[PDB]
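See below for upload_15.txt, which holds compact mmCIF, N, CA and C atoms.
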# COMPACT_ATOMS: atom_id res chain seq x y z
N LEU A 737 5.95 -16.81 -18.21
CA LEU A 737 4.55 -17.07 -17.88
C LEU A 737 3.74 -15.78 -17.89
N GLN A 738 2.42 -15.92 -17.82
CA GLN A 738 1.53 -14.76 -17.82
C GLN A 738 0.81 -14.63 -16.48
N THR A 739 0.63 -15.76 -15.80
CA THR A 739 -0.04 -15.78 -14.51
C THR A 739 0.89 -15.32 -13.39
N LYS A 740 2.16 -15.69 -13.50
CA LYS A 740 3.15 -15.31 -12.50
C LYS A 740 3.18 -13.80 -12.31
N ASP A 741 3.45 -13.07 -13.39
CA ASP A 741 3.51 -11.62 -13.33
C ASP A 741 2.13 -11.03 -13.03
N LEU A 742 1.14 -11.42 -13.82
CA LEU A 742 -0.22 -10.93 -13.64
C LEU A 742 -0.65 -11.04 -12.17
N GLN A 743 -0.35 -12.17 -11.56
CA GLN A 743 -0.70 -12.40 -10.16
C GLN A 743 0.37 -11.83 -9.24
N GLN A 744 1.57 -11.64 -9.77
CA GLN A 744 2.68 -11.10 -8.99
C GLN A 744 2.36 -9.69 -8.49
N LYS A 745 1.45 -9.02 -9.19
CA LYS A 745 1.05 -7.66 -8.82
C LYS A 745 -0.05 -7.69 -7.77
N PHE A 746 -1.14 -8.38 -8.09
CA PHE A 746 -2.27 -8.48 -7.17
C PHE A 746 -1.86 -9.17 -5.87
N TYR A 747 -0.87 -10.05 -5.97
CA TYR A 747 -0.38 -10.78 -4.80
C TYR A 747 0.30 -9.84 -3.82
N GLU A 748 0.55 -8.61 -4.26
CA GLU A 748 1.20 -7.61 -3.42
C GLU A 748 0.18 -6.86 -2.58
N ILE A 749 -1.05 -6.79 -3.07
CA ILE A 749 -2.13 -6.10 -2.36
C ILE A 749 -2.72 -6.99 -1.27
N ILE A 750 -2.20 -8.21 -1.15
CA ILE A 750 -2.68 -9.15 -0.15
C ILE A 750 -1.82 -9.09 1.11
N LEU A 751 -0.53 -8.81 0.93
CA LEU A 751 0.39 -8.73 2.06
C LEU A 751 0.38 -7.33 2.67
N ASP A 752 0.02 -6.34 1.86
CA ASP A 752 -0.03 -4.95 2.31
C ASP A 752 -1.39 -4.64 2.93
N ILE A 753 -2.39 -5.44 2.58
CA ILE A 753 -3.74 -5.24 3.10
C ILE A 753 -3.91 -5.91 4.46
N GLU A 754 -3.13 -6.96 4.70
CA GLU A 754 -3.19 -7.69 5.96
C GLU A 754 -2.41 -6.96 7.05
N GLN A 755 -1.40 -6.21 6.63
CA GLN A 755 -0.56 -5.46 7.57
C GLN A 755 -1.39 -4.41 8.30
N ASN A 756 -2.45 -3.93 7.66
CA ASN A 756 -3.32 -2.92 8.25
C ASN A 756 -3.87 -3.41 9.59
N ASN A 757 -3.93 -4.72 9.76
CA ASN A 757 -4.44 -5.31 10.99
C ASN A 757 -3.31 -5.56 11.99
N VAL A 758 -2.21 -6.11 11.49
CA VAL A 758 -1.05 -6.41 12.33
C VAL A 758 -0.50 -5.14 12.97
N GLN A 759 -0.75 -4.00 12.32
CA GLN A 759 -0.28 -2.72 12.83
C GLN A 759 -1.37 -2.02 13.64
N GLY A 760 -2.28 -2.81 14.21
CA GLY A 760 -3.35 -2.25 15.00
C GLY A 760 -3.88 -3.23 16.03
N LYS A 761 -3.09 -4.24 16.34
CA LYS A 761 -3.48 -5.25 17.32
C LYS A 761 -3.24 -4.75 18.74
N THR A 762 -2.19 -3.95 18.92
CA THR A 762 -1.86 -3.41 20.23
C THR A 762 -2.43 -2.01 20.41
N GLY A 763 -3.54 -1.74 19.71
CA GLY A 763 -4.17 -0.43 19.81
C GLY A 763 -3.29 0.68 19.27
N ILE A 764 -2.52 0.37 18.24
CA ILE A 764 -1.63 1.36 17.64
C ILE A 764 -1.84 1.44 16.13
N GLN A 765 -3.10 1.52 15.72
CA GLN A 765 -3.44 1.61 14.30
C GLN A 765 -2.69 2.75 13.63
N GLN A 766 -2.49 3.84 14.37
CA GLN A 766 -1.79 5.00 13.85
C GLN A 766 -0.39 4.62 13.36
N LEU A 767 0.13 3.51 13.87
CA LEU A 767 1.45 3.03 13.49
C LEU A 767 1.61 3.02 11.98
N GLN A 768 0.63 2.43 11.29
CA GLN A 768 0.66 2.34 9.84
C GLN A 768 -0.05 3.54 9.21
N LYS A 769 -0.78 4.28 10.03
CA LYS A 769 -1.51 5.45 9.56
C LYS A 769 -0.62 6.69 9.54
N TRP A 770 0.55 6.57 10.16
CA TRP A 770 1.50 7.68 10.21
C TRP A 770 1.62 8.35 8.85
N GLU A 771 2.67 8.00 8.11
CA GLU A 771 2.90 8.57 6.79
C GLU A 771 1.68 8.37 5.89
N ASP A 772 0.78 7.49 6.31
CA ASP A 772 -0.43 7.21 5.55
C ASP A 772 -1.14 8.51 5.17
N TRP A 773 -1.01 9.52 6.01
CA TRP A 773 -1.64 10.81 5.77
C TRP A 773 -1.29 11.34 4.38
N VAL A 774 -0.12 10.94 3.88
CA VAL A 774 0.33 11.37 2.56
C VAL A 774 -0.67 10.97 1.48
N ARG A 775 -1.49 9.97 1.78
CA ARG A 775 -2.49 9.49 0.84
C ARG A 775 -3.33 10.65 0.30
N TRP A 776 -3.45 11.71 1.10
CA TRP A 776 -4.22 12.88 0.70
C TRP A 776 -3.61 13.55 -0.53
N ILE A 777 -2.28 13.59 -0.57
CA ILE A 777 -1.57 14.20 -1.69
C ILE A 777 -1.19 13.15 -2.73
N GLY A 778 -2.06 12.17 -2.92
CA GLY A 778 -1.79 11.12 -3.89
C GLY A 778 -2.33 11.44 -5.26
N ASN A 779 -2.10 12.67 -5.71
CA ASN A 779 -2.58 13.10 -7.02
C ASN A 779 -1.48 13.85 -7.78
N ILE A 780 -0.38 14.14 -7.09
CA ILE A 780 0.74 14.84 -7.70
C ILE A 780 1.09 14.25 -9.06
N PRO A 781 1.78 15.04 -9.89
CA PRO A 781 2.20 14.62 -11.23
C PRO A 781 3.28 13.54 -11.19
N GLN A 782 3.21 12.67 -10.19
CA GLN A 782 4.18 11.60 -10.04
C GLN A 782 3.80 10.40 -10.89
N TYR A 783 2.52 10.31 -11.25
CA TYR A 783 2.03 9.20 -12.06
C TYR A 783 2.54 9.32 -13.50
N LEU A 784 2.53 10.54 -14.02
CA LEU A 784 2.99 10.79 -15.38
C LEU A 784 4.50 11.01 -15.42
N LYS A 785 5.05 11.47 -14.30
CA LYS A 785 6.49 11.72 -14.19
C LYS A 785 6.92 12.80 -15.18
N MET A 786 7.14 14.01 -14.67
CA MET A 786 7.57 15.13 -15.50
C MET A 786 8.97 14.89 -16.05
How does this structure look as structure tokens?
Amino acid sequence: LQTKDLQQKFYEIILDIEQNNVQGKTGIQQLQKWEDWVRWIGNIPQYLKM
């Protein structure tokens, strides 16, 4: 199929986007923000893979 895979990707940004809330209900947003700081270094040559 073409919809399964095509949607199989976007369907992943729905479960990871909702977690941002579940990890902040008990006033612990930092819980998911922990390693999140790495987002700053999200430009390394990891996309092209040396």
What separation in Å, quoted to one decimal, exists between atom CA of residue 776 of chain A and atom C of residue 761 of chain A? 25.2 Å
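The interatomic distance for the pair atom CA of residue 751 of chain A and atom CA of residue 768 of chain A works out to 13.5 Å.
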Atom C of residue 750 of chain A and atom C of residue 764 of chain A, how far apart in Å? 18.3 Å
